Structures are given as structure tokens and as C-alpha cells.
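Shown next: coords.pdb, given as PDB, C-alpha atoms.
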```
MODEL        1
ATOM      1  CA  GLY A   1      29.086  -1.826 -12.219
ATOM      2  CA  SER A   2      32.873  -2.006 -12.420
ATOM      3  CA  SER A   3      33.805  -4.528  -9.730
ATOM      4  CA  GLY A   4      33.808  -7.981 -11.297
ATOM      5  CA  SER A   5      33.720 -11.438  -9.729
ATOM      6  CA  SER A   6      32.772 -14.972 -10.767
ATOM      7  CA  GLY A   7      30.067 -16.940  -8.981
ATOM      8  CA  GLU A   8      29.556 -15.929  -5.358
ATOM      9  CA  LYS A   9      31.719 -16.524  -2.285
ATOM     10  CA  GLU A  10      30.293 -16.347   1.238
ATOM     11  CA  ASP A  11      33.394 -15.664   3.331
ATOM     12  CA  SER A  12      33.736 -13.802   6.632
ATOM     13  CA  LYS A  13      36.450 -11.424   5.431
ATOM     14  CA  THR A  14      33.869  -9.881   3.099
ATOM     15  CA  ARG A  15      30.122 -10.462   3.377
ATOM     16  CA  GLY A  16      28.942  -7.740   1.015
ATOM     17  CA  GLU A  17      27.116 -10.131  -1.302
ATOM     18  CA  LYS A  18      24.397 -10.892   1.247
ATOM     19  CA  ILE A  19      24.341  -7.215   2.219
ATOM     20  CA  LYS A  20      23.656  -6.268  -1.400
ATOM     21  CA  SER A  21      20.746  -8.691  -1.756
ATOM     22  CA  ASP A  22      19.118  -7.397   1.429
ATOM     23  CA  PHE A  23      19.456  -3.807   0.218
ATOM     24  CA  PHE A  24      17.609  -4.426  -3.049
ATOM     25  CA  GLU A  25      14.908  -6.476  -1.326
ATOM     26  CA  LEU A  26      14.047  -3.562   0.964
ATOM     27  CA  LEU A  27      14.058  -0.861  -1.714
ATOM     28  CA  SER A  28      11.945  -2.986  -4.059
ATOM     29  CA  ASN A  29       9.633  -3.817  -1.155
ATOM     30  CA  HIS A  30       9.022  -0.072  -0.882
ATOM     31  CA  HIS A  31       7.216  -0.215  -4.228
ATOM     32  CA  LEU A  32       9.920   2.029  -5.688
ATOM     33  CA  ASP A  33       8.662   4.570  -8.223
ATOM     34  CA  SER A  34      10.207   6.469 -11.135
ATOM     35  CA  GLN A  35       9.856   9.606  -9.011
ATOM     36  CA  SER A  36      11.878   7.883  -6.288
ATOM     37  CA  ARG A  37      14.042  10.202  -4.189
ATOM     38  CA  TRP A  38      17.088   8.994  -2.257
ATOM     39  CA  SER A  39      16.305  11.480   0.514
ATOM     40  CA  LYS A  40      12.875   9.864   0.815
ATOM     41  CA  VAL A  41      13.820   6.201   0.405
ATOM     42  CA  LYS A  42      16.560   6.879   2.954
ATOM     43  CA  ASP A  43      14.255   8.538   5.484
ATOM     44  CA  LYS A  44      11.981   5.520   5.052
ATOM     45  CA  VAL A  45      14.563   2.727   4.962
ATOM     46  CA  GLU A  46      16.541   4.271   7.819
ATOM     47  CA  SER A  47      13.904   2.924  10.207
ATOM     48  CA  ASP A  48      14.958  -0.539   9.039
ATOM     49  CA  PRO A  49      18.127  -2.118  10.492
ATOM     50  CA  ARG A  50      19.006  -3.576   7.091
ATOM     51  CA  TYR A  51      19.854  -0.098   5.805
ATOM     52  CA  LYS A  52      22.365   0.175   8.650
ATOM     53  CA  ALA A  53      24.195  -2.863   7.277
ATOM     54  CA  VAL A  54      25.568  -0.843   4.362
ATOM     55  CA  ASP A  55      28.483   1.255   5.609
ATOM     56  CA  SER A  56      29.767   2.536   2.265
ATOM     57  CA  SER A  57      27.648   5.417   0.971
ATOM     58  CA  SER A  58      28.710   4.958  -2.652
ATOM     59  CA  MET A  59      27.072   1.527  -2.532
ATOM     60  CA  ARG A  60      23.830   3.125  -1.347
ATOM     61  CA  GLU A  61      23.527   5.872  -3.961
ATOM     62  CA  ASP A  62      24.904   3.594  -6.679
ATOM     63  CA  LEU A  63      22.767   0.579  -5.774
ATOM     64  CA  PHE A  64      19.609   2.605  -5.147
ATOM     65  CA  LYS A  65      20.175   4.664  -8.294
ATOM     66  CA  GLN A  66      20.779   1.477 -10.281
ATOM     67  CA  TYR A  67      17.448  -0.109  -9.358
ATOM     68  CA  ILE A  68      15.494   3.111  -9.880
ATOM     69  CA  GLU A  69      17.277   3.654 -13.194
ATOM     70  CA  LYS A  70      15.941   0.317 -14.439
ATOM     71  CA  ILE A  71      12.388   1.130 -13.357
ATOM     72  CA  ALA A  72      12.172   4.545 -15.017
ATOM     73  CA  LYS A  73      13.507   3.060 -18.255
ATOM     74  CA  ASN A  74      11.550   0.470 -20.238
ATOM     75  CA  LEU A  75      10.869  -2.227 -17.644
ATOM     76  CA  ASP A  76      11.993  -5.748 -18.540
ATOM     77  CA  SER A  77       8.649  -7.282 -19.506
ATOM     78  CA  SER A  78       8.736 -10.693 -21.188
ATOM     79  CA  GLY A  79       6.976 -14.031 -20.812
ATOM     80  CA  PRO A  80       3.817 -14.859 -18.831
ATOM     81  CA  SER A  81       4.529 -11.717 -16.809
ATOM     82  CA  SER A  82       1.329 -10.312 -18.312
ATOM     83  CA  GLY A  83      -1.983 -11.970 -17.507
TER      84      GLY A  83
ENDMDL
END
```

Rewritten as C-alpha cells:
Amino acid sequence: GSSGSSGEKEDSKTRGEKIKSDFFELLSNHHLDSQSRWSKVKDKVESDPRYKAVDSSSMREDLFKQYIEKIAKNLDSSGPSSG
């Protein structure tokens, strides 16, 4: 991303932080797959009120794309992750 910021502030003026966390949670919960399609994830997440929280579209495509991008590419596997 481009927008930078230290730590995390939970103010009323801007409560995007929490909104961001919720977004990821949902997507991930939908067992995202490399062949993930925004149109699909959207038609599936739409049913959820959390998806309504995000007003800015850019955040949706960007965020969603970000997560998916990581999946497709070599997944971060390290530690006891493997059993």
C-alpha cells in the first residue's frame, strides 16, 4: 500500500482500521482460492452486512486483490505450520 501510519488509532473521525480487519476476516473465511473472482466474492460477501461497511470501492478491489495476490503466490509457510 501507499498510505502510511504508525501504530493504530481508534478515533471516531476515521474508523477504517477496524473496517479493514473485518473485511479480510470475511474474505479469508470464504476459503479464498487462487481462482478467486471479485464478481463472485462480491456476490457472496454482499449478503453479509460487513461488506456494506466499506464505502470506498478502491479499498475493496485493492484489499481483496491484495489478499488473493498473496495466496496465488508462494504462500508464507514457516514454523510448525506443517504437521

Item to check | Residues selected by the PyMOL selection byres ((chain A and resi 32-44) around 12), written as number ranges by chain | outcome: A: 23-31, 45-52, 54, 57, 60-75

Checklist entry - Hey, can you check how far CA of residue 14 (chain A) sits from CA of residue 1 (chain A)? => result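 Separating CA of residue 14 (chain A) from CA of residue 1 (chain A) is a distance of 18.0 Å.
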
Item to check | Point-to-point distance in Å for CA of residue 58 (chain A) and CA of residue 2 (chain A) | outcome: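 Distance between the two atoms: 12.7 Å.
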
For region 4-11 of chain A, what centre and edge lengths in Å (one decimal) does the axis-aligned box get once 5 Å is added on each side of all its listed atoms, as lines of an AutoDock Vina configuration file?
```
center_x = 31.7
center_y = -12.5
center_z = -4.0
size_x = 14.3
size_y = 19.0
size_z = 24.6
```

Item to check | Between CA of residue 77 (chain A) and CA of residue 19 (chain A) - distance in Å to one decimal | outcome: 26.8 Å

Item to check | Option closest in space to residue 22 (chain A), from A:53, A:80, A:8, A:59 [counting all atoms listed in the file] | outcome: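 Nearest candidate to residue 22 (chain A) out of A:53, A:80, A:8, A:59: A:53.
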
Could you write region 34-68 of chain A as an mmCIF file, in the frame of the given file, with N, CA and C atoms rebuilt where they are missing?
```cif
data_model
loop_
_atom_site.group_PDB
_atom_site.id
_atom_site.type_symbol
_atom_site.label_atom_id
_atom_site.label_comp_id
_atom_site.auth_asym_id
_atom_site.auth_seq_id
_atom_site.Cartn_x
_atom_site.Cartn_y
_atom_site.Cartn_z
ATOM 1 N N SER A 34 9.348 5.659 -10.279
ATOM 2 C CA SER A 34 10.207 6.469 -11.135
ATOM 3 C C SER A 34 10.582 7.777 -10.444
ATOM 4 N N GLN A 35 9.627 8.352 -9.720
ATOM 5 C CA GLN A 35 9.856 9.606 -9.011
ATOM 6 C C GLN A 35 10.493 9.352 -7.649
ATOM 7 N N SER A 36 11.220 8.244 -7.538
ATOM 8 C CA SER A 36 11.878 7.883 -6.288
ATOM 9 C C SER A 36 12.966 8.892 -5.936
ATOM 10 N N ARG A 37 13.047 9.244 -4.656
ATOM 11 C CA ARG A 37 14.042 10.202 -4.189
ATOM 12 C C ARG A 37 14.874 9.610 -3.054
ATOM 13 N N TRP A 38 16.183 9.540 -3.262
ATOM 14 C CA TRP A 38 17.088 8.994 -2.257
ATOM 15 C C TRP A 38 16.745 9.526 -0.870
ATOM 16 N N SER A 39 16.627 10.846 -0.758
ATOM 17 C CA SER A 39 16.305 11.480 0.514
ATOM 18 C C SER A 39 15.087 10.823 1.155
ATOM 19 N N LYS A 40 14.095 10.498 0.332
ATOM 20 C CA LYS A 40 12.875 9.864 0.815
ATOM 21 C C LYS A 40 13.128 8.403 1.178
ATOM 22 N N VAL A 41 13.541 7.616 0.190
ATOM 23 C CA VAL A 41 13.820 6.201 0.405
ATOM 24 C C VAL A 41 14.730 5.998 1.612
ATOM 25 N N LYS A 42 15.631 6.950 1.833
ATOM 26 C CA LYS A 42 16.560 6.879 2.954
ATOM 27 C C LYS A 42 15.844 7.148 4.273
ATOM 28 N N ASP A 43 15.004 8.176 4.285
ATOM 29 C CA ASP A 43 14.255 8.538 5.484
ATOM 30 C C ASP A 43 13.218 7.470 5.819
ATOM 31 N N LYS A 44 12.952 6.590 4.860
ATOM 32 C CA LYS A 44 11.981 5.520 5.052
ATOM 33 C C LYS A 44 12.679 4.207 5.393
ATOM 34 N N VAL A 45 13.799 3.947 4.727
ATOM 35 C CA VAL A 45 14.563 2.727 4.962
ATOM 36 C C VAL A 45 15.369 2.824 6.251
ATOM 37 N N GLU A 46 15.762 4.043 6.607
ATOM 38 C CA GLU A 46 16.541 4.271 7.819
ATOM 39 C C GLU A 46 15.932 3.528 9.005
ATOM 40 N N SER A 47 14.609 3.587 9.117
ATOM 41 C CA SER A 47 13.904 2.924 10.207
ATOM 42 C C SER A 47 14.271 1.444 10.271
ATOM 43 N N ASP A 48 14.586 0.869 9.116
ATOM 44 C CA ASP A 48 14.958 -0.539 9.039
ATOM 45 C C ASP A 48 16.438 -0.729 9.356
ATOM 46 N N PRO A 49 16.750 -1.799 10.102
ATOM 47 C CA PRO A 49 18.127 -2.118 10.492
ATOM 48 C C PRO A 49 18.974 -2.573 9.308
ATOM 49 N N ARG A 50 18.313 -3.101 8.282
ATOM 50 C CA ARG A 50 19.006 -3.576 7.091
ATOM 51 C C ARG A 50 19.798 -2.447 6.436
ATOM 52 N N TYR A 51 19.207 -1.257 6.406
ATOM 53 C CA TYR A 51 19.854 -0.098 5.805
ATOM 54 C C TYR A 51 21.142 0.251 6.546
ATOM 55 N N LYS A 52 21.192 -0.098 7.828
ATOM 56 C CA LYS A 52 22.365 0.175 8.650
ATOM 57 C C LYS A 52 23.518 -0.751 8.277
ATOM 58 N N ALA A 53 23.186 -1.894 7.687
ATOM 59 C CA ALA A 53 24.195 -2.863 7.277
ATOM 60 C C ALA A 53 25.207 -2.234 6.326
ATOM 61 N N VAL A 54 24.706 -1.499 5.339
ATOM 62 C CA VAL A 54 25.568 -0.843 4.362
ATOM 63 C C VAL A 54 26.322 0.324 4.990
ATOM 64 N N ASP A 55 27.645 0.209 5.036
ATOM 65 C CA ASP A 55 28.483 1.255 5.609
ATOM 66 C C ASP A 55 28.939 2.237 4.534
ATOM 67 N N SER A 56 29.307 1.707 3.373
ATOM 68 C CA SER A 56 29.767 2.536 2.265
ATOM 69 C C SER A 56 28.599 3.271 1.615
ATOM 70 N N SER A 57 28.697 4.596 1.563
ATOM 71 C CA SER A 57 27.648 5.417 0.971
ATOM 72 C C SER A 57 27.538 5.160 -0.528
ATOM 73 N N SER A 58 28.678 5.184 -1.213
ATOM 74 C CA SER A 58 28.710 4.958 -2.652
ATOM 75 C C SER A 58 27.806 3.791 -3.040
ATOM 76 N N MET A 59 27.884 2.709 -2.271
ATOM 77 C CA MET A 59 27.072 1.527 -2.532
ATOM 78 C C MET A 59 25.586 1.862 -2.462
ATOM 79 N N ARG A 60 25.221 2.724 -1.519
ATOM 80 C CA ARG A 60 23.830 3.125 -1.347
ATOM 81 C C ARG A 60 23.328 3.885 -2.572
ATOM 82 N N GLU A 61 23.917 5.050 -2.823
ATOM 83 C CA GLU A 61 23.527 5.872 -3.961
ATOM 84 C C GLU A 61 23.591 5.070 -5.258
ATOM 85 N N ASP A 62 24.716 4.399 -5.478
ATOM 86 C CA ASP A 62 24.904 3.594 -6.679
ATOM 87 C C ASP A 62 23.823 2.523 -6.790
ATOM 88 N N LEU A 63 23.755 1.653 -5.789
ATOM 89 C CA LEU A 63 22.767 0.579 -5.774
ATOM 90 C C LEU A 63 21.361 1.132 -5.977
ATOM 91 N N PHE A 64 20.934 2.002 -5.068
ATOM 92 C CA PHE A 64 19.609 2.605 -5.147
ATOM 93 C C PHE A 64 19.362 3.195 -6.532
ATOM 94 N N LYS A 65 20.289 4.032 -6.986
ATOM 95 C CA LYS A 65 20.175 4.664 -8.294
ATOM 96 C C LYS A 65 20.033 3.617 -9.395
ATOM 97 N N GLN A 66 20.819 2.549 -9.295
ATOM 98 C CA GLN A 66 20.779 1.477 -10.281
ATOM 99 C C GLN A 66 19.362 0.935 -10.438
ATOM 100 N N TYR A 67 18.797 0.443 -9.342
ATOM 101 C CA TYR A 67 17.448 -0.109 -9.358
ATOM 102 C C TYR A 67 16.462 0.881 -9.971
ATOM 103 N N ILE A 68 16.394 2.074 -9.390
ATOM 104 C CA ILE A 68 15.494 3.111 -9.880
ATOM 105 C C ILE A 68 15.692 3.352 -11.372
#
```
